[PDB]
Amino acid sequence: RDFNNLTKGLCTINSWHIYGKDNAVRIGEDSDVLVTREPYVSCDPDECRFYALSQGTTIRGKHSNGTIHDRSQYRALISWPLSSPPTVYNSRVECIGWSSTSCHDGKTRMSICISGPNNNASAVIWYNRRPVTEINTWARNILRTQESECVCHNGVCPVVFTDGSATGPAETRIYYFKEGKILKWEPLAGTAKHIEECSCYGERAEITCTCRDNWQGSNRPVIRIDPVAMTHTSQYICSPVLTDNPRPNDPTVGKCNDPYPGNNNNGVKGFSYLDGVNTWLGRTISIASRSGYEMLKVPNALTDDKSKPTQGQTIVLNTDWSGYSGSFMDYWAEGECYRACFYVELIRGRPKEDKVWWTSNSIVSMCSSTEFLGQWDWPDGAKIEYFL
C-alpha cells in the first residue's frame, strides 16, 4: 500500500514469550528437510516467515557430507512458513548466494544475495522478486552482509556490508536502497573498529544495528542509522556485560569506543535492543563456545560503561548448542508500539558434533511481553545418535 514508516517506539520488555520454533533437525531425521545455517525471521504486512541459507541438499541426503563449509555454488536464500521446517517442498528461493539480507518496505520485499569466489563476489539486489541492482566486490575479499533482516523507513532500506579481512581493518559500507536501487552509500564512520553481520531493528525513525567485531572486540559494535538524512554513527555497547562469543569474563567496567580486548579473530552474530532502561542484551551463556543463550536487562547498556543486569531470562541451557541470533519485529502488527523479537540459531553437527559429517540448525524465536512470564529453555531437541 504505502511505505511503512517507523512511527512507534518499542513496547516495554518485561519478559519474552515463545514465538516460533521449527524443530527442523528433529523432523528432518525422517523427512525432506534442507540443511541450512545463517537463519533469521522477517515479516511482510500479511505474514511472518523463517529465512536461511540452504546448502542445496537434505540432512539425510549424502550431499549433507561437507556442509560445514560456508560458500558454495549450491547455497541460496530460502524462506518458508513460520515454524515449519525448511523442506524441499515448502521452501521458496529468494535468490542465489552464500550471504544475504531481506526486508519488506511496506509495498514489497527487497532480498539481497551475494555469491562468487572469495576475490570476485557480487551482490544482487532483488525487489518485488525481480533482480534490479548489482554491486561488485570492492575489496576483493568475501563481500558479505547482515545474515538477518534489514529495516525500511519511507521506502529507504539501509543495509550494512563488509568487504576485506575478517581479522583486521576492513571496508564496511552502509547502502541506502529504495525500490532496489541505490540512493546512496557511505563508508563506516564512528568508533567501531570492525563490523560483521549486523542485526537491526527500527523505532521512531531510527535504525539500530548491533554487529560483530570479529577482529578485536568482545563487546558489540553498534551502528545507528538515520534513514531520512541517510547518515549514521558507530560505537560499542559501553556495558561490561560482554556479549560476543568467545569472550573474556565480564569486567566491572566496559568500553564505549574501543573493542574490549581478550579475544581476537572470532565472534558470533548477535543482537540487542538499546532503549534506555528498556535495554535487553542477548548472549551465549558459555564464554568459550556457542553454547546456551540468555537475555539480560541491562538498563542503559549502550551508554553506561558500568551497567550490569537487573533482570534476565534463559532461552537455551548452557548444556545445549546455540549459534547466531538476530533481531526482527512485525512492523505491521496492531497496537501502539513495536514488539521486539529475536531468533537463535541452534546449530547441530559440525564442528562440535563431529560424529555426523553435516552441519545444520533449527530455529527458535521469542518476542517481548509486558507481562513477567515464567521461563522455559528451548533446545534443538534432536538426538545425534539417531543420525549415525
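Residue positions are given as counts along the sequence shown, with the first one as 1.
Of the two stretches examined, 156-164 and 259-267, the record assigns the greater average C-alpha temperature factor to 259-267.
Highest C-alpha temperature factor among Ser79, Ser102, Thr233, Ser99, as the PDB entry reports it: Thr233. Per the deposited coordinates, the residue with the largest Cα temperature factor out of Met110, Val151, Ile285, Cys113 is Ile285.
Among the modelled residues of its chain, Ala333 has a C-alpha B-factor that falls in the middle third, as given in the PDB entry. Ranked by C-alpha B-factor against the other modelled residues of its chain, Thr210 falls in the middle third. Per the PDB record, residue ranking by Cα B-factor puts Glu294 in the middle third of the chain. Compared with the other modelled residues of the chain, the Cα B-factor recorded for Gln146 ranks in the lowest third. Per the deposited record, the Cα B-factor of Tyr176 falls in the middle third when ranked against the other modelled residues of its chain.
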